[PDB]
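Take a look at the structure below.
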Amino acid sequence: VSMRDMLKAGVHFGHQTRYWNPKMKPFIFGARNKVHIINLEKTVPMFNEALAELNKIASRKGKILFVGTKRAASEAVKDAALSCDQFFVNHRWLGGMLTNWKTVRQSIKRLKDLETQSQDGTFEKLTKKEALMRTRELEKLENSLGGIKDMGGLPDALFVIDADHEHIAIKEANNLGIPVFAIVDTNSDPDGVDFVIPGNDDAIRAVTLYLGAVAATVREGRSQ
RNA sequence: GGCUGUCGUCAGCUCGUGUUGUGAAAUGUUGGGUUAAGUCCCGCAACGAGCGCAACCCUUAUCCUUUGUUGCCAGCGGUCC
Ligand SMILES: [Mg+2]
Ligand SMILES: [Mg+2]
Ligand SMILES: [Mg+2]
Ligand SMILES: [Mg+2]
Ligand SMILES: [Mg+2]
Ligand SMILES: [Mg+2]
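For the first sequence, this note's numbering begins at 223 and goes up steadily by one.
Right under this line is the structure:
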């Protein structure tokens with residue numbers, strides 16, 4: 223991935239100096255106007271070393287789960303995983319989506335059966351008042367569980383945009399040994415993720431970049 | 001044992017799995033709104049479920065169909081009215 227490209231995106235940008243996390247000292251060039259700057263020279267080799275790892279999982283038809291619920295990087299997230307044939311989460315992660323599979327699995331069945339009882343027309347020939355609680359009931363399920371609806375079991379790797387914001391998923395993923403690939407940032411803990419990609423996690427330009435790239439490689443890897 | 005009063009027809013009382021705590025425990029069941037109501041909605045390390053709440057039951061208020069004696073008399077005709 224082009225080291226010039228990122229100057230363009232804004233990846234070098236971090237967070238205000240005061241909100242920094244001192245575990246990210248390694249991945250810092252310095253500060254300008256009391257605002258931190260990611261040493262991109264550390265980003266790019268780290269990043270390419272996570273693309274590679276992602277390839278060889280995507281090789282064996284494992285499932286890259288993508289998570290990103292920021293009211294920036296949601297439509298960004300959906301686009302990418304769909305542009306790959308994988309799974310995604312872009313509205314609140316709901317605690318135990320991984321550790322409590324048994325149960326959360328048993329709320330997918332419902333969403334399946336509410337999809338049927340919609341196209342099949344049952345959500346029409348009924349109480350009319352009961353096309354409220356038989357639709358809102360679906361609408362929400364397909365806002366939350368939708369992304370992972372046909373996922374049948376636990377992922378083979380989470381790919382996570384913001385570590386800070388999505389700390390619950392990462393802990394759950396550590397809980398299950400599921401390897402994690404995060405876009406950590408100057409203000410975030412390095413310490414829970416396995417393939418740390420430094421750089422900005424809060425920009426429409428920056429996110430699409432890493433997504434596009436991880437999208438490219440899982441498709442370039444889902445072939446051989 | 002069975003049956004019954006009572007707080008109280010008050011809106012509460014809990015469980016599975018997950019998570020937190022060395023542990024009793026906690027979370028859910030808190031928060032913003034709303035409601036007669038843990039009523040409903042939005043949020044949220046919770047995700048769900050159950051007993052309650054409400055609804056299904058009887059009665060009362062209006063209308064329609066069918067049936068018309070031992071009940072009824074609007075229009076007719078008669079009358080010991
Ligand atoms: Mg423990
Ligand atoms: Mg209580
Ligand atoms: Mg409690
Ligand atoms: Mg409490
Ligand atoms: Mg409340
Ligand atoms: Mg209830």
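All C-beta atoms, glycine included, are put in the ideal place defined by N, C-alpha and C.
As a beta-bridge residue in DSSP terms, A253 pairs with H258. With a cutoff of 8 Å on beta-carbon distance, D407 and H237 are scored as near each other. Unbroken beta strand (DSSP E) runs of no fewer than 3 residues, entirely contained in the segment 262 to 339, are found at 286 to 289 and 309 to 311, following chain order. Secondary structure at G443: helix, using DSSP grouped into helix, strand and coil. Each of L367, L380 and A298 was checked against the Cα of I400, and the nearest Cα belongs to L380.
Contact check for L320 and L398: beta-carbon distance about 6 Å, within the 8 Å limit, so the pair qualifies. Taking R444 as the centre and dropping the five residues before and after it, the same chain places the C-beta of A280 closer than 6 Å to its C-beta, in chain order. Counting C-beta atoms within 10 angstroms of its own C-beta, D372 has fewer than 16 neighbours from the protein chains shown and is therefore classed as exposed.
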